[PDB]
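# Inside the fold
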Amino acid sequence: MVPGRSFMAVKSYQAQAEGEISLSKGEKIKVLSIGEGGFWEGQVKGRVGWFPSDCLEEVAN
């Protein structure tokens, strides 16, 4: 439900939809919105949109 802790991307992503955005391995993705399944909205070095959380991972380790 709209998390705060910034998650780090473990892999890059190539936007395919109209509201989808790309990603960058090692880039700190700041989630801003969420939906269902492994998909949610976030921000990456500027690029803010929708994308699969599969390419994202906590920043604990």
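About the cut-offs
- Residues numbered from 1 in each chain as written, not as in the entry; some residues may be left out.
- Heavy atoms only, no water.
- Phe/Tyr/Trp six-rings, centres within 6.5 Å; stacked < 30°, edge-to-face > 60°.
- Helix = DSSP H or I, 4+ residues; strand = E, 2+ residues; numbered from the N terminus.
- Buried < 20%, exposed > 50% of the residue type's maximum accessible area, 1.4 Å probe, protein only.
- Pairing = 2+ DSSP bridges.

Per the PDB record, this model was obtained through solution NMR.

## Considering the packing of aromatic side chains
Under the defined criterion, the tally for this structure stands at 2 aromatic pairs. Considering the side-chain rings of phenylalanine 7 and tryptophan 40, the 5.8 Å spacing of their centres and the 75 degrees angle between planes classify their relative orientation as edge-to-face. You can see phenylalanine 7 sitting in strand β1 (residues 7–9) and its partner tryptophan 40 sitting in strand β3 (residues 39–44), a full 33 residues away along the chain. Judged by relative accessible area, which is 12%, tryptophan 40 ranks as buried.

## Remarks on the sheet that holds β3
Read across the sheet, 5 strands follow the order β4-β3-β2-β1-β5 without closing on themselves; strand pairing throughout is antiparallel. Of all strands in the sheet, those with a lone pairing partner are β4 (47–52) and β5 (56–57), marking the two edges. Of the strand pairs in this sheet, β3 and β4 are connected by 6 bridges, and their pairing is antiparallel. Along β4, the bridge assignment pairs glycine 42 with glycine 49.

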